[PDB]
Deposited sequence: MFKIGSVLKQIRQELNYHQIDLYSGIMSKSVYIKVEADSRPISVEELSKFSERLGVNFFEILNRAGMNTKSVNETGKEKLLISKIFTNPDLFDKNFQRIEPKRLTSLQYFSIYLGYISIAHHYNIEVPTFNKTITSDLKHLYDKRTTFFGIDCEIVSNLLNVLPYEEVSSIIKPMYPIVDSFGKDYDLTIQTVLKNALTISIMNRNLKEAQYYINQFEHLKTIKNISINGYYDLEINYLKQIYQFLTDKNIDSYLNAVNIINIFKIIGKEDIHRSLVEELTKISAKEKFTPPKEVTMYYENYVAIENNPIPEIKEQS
């Protein structure tokens, strides 16, 4: 695992075992470490990382951090259980019972409900446990983690906005960045929440989500997702159009859609076209020739 990578990197850079442990451990010890016959401490790994000149996280990854365990395998199975709605039937009953085991499982669990709804598969236990499920996990909370934000995105997917809004408010504003993985998760929520708000025409909530996203850009070391920046700005154009039928705003929205096509993000392009169509219809306003043409197909 880790020790093997250390040896791999060490020799690649032409460093001798000595160069690594010299002032950190015994040569006899460092030997067992590279042999993976002895666990290494986070501290130690951090020192070798500095010694090697190769980023810590990368080393962890090269060692297999990118999957590795139960929850991992279980999480991977969802996209698989997706394509095969038969893989559902069996799996669902193995997860449902342990849905409150950990937040990771509750997310995984919600992953099935999403599939279940998609393939109109009946889930009678869902409607009678979700509420109490949510309370047992969020009634007494102060700090929220990436997994919680992952959970919210999922809830917004298989639950009425009003039934989830309660859980989201306590999560924002965010004031600290805890890594790129964490950064992504906290943006996804806002993107999901904003879309829905725009669609329900709940401008008050839309404005708040737009603001929460903007605030994120002010955090130190934050890693904003360009696609999101692009999509959330599209939703902002729509917001301004809904708020006062600004013509430029509508054009900016349309041009942003066109950019997604140009760069090849077809799924998002489709989504945003159907979205603009559905939005314009409600406002009883016909979208330009370009968009109506696209959506027609």
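Peer 1: Could you list the ranges of the deposited sequence that have no C-alpha atoms in the model?
Peer 2: Gaps in the modelled chain, taken against the deposited sequence, lie at 1-2, 69-70, 302-317.
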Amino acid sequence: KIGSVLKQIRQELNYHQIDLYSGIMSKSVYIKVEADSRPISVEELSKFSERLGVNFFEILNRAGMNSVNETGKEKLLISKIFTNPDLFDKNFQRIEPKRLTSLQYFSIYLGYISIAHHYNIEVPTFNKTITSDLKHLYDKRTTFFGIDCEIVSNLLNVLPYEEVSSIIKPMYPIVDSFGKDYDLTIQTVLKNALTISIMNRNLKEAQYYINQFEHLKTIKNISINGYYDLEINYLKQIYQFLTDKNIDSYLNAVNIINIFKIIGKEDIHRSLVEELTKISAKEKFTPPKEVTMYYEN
From here on, numbers count along this sequence of modelled residues.
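Peer 1: Check the entry's C-alpha temperature factors for 281-289 and 16-24, then say which stretch has the higher mean.
Peer 2: Looking at the record's C-alpha B-factors, the answer is 16-24.
Peer 1: Identify the stretch, either 181-189 or 110-118, whose C-alpha atoms have the larger mean B-factor according to the entry.
Peer 2: If you average the C-alpha B-factors of 181-189 and of 110-118, the larger mean comes out for 110-118.
Peer 1: Compare the CA B factors listed in the entry for 214, 89, 176, 163 and report the winner.
Peer 2: In the PDB entry, the greatest C-alpha B-factor among 214, 89, 176, 163 is found at 89.
Peer 1: Looking at 226, 146, 85, 170, which one carries the largest C-alpha B-factor according to the PDB entry?
Peer 2: Highest C-alpha B-factor among the listed options: 85.
Peer 1: Lowest, middle or highest third: where is residue 32 by Cα B-factor in its chain?
Peer 2: Its C-alpha B-factor belongs to the highest third of this chain's values.
Peer 1: Could you place residue 47 in the lowest, middle or highest third of its chain by Cα temperature factor, using the values in the record?
Peer 2: Middle third, going by the recorded CA B-factors of the chain.
Peer 1: Residue 195: which third of its chain by C-alpha temperature factor?
Peer 2: Answer is lowest: the recorded C-alpha B-factor places it there.
Peer 1: Consider only the C-alpha atoms of the modelled residues in this chain, order them by B-factor as the entry records it, and name the third containing residue 218: lowest, middle or highest.
Peer 2: Lowest third.
Peer 1: Select lowest, middle or highest to describe the third in which the CA B-factor of residue 155 falls within its chain in this entry.
Peer 2: Tercile = middle for this residue's CA B-factor.
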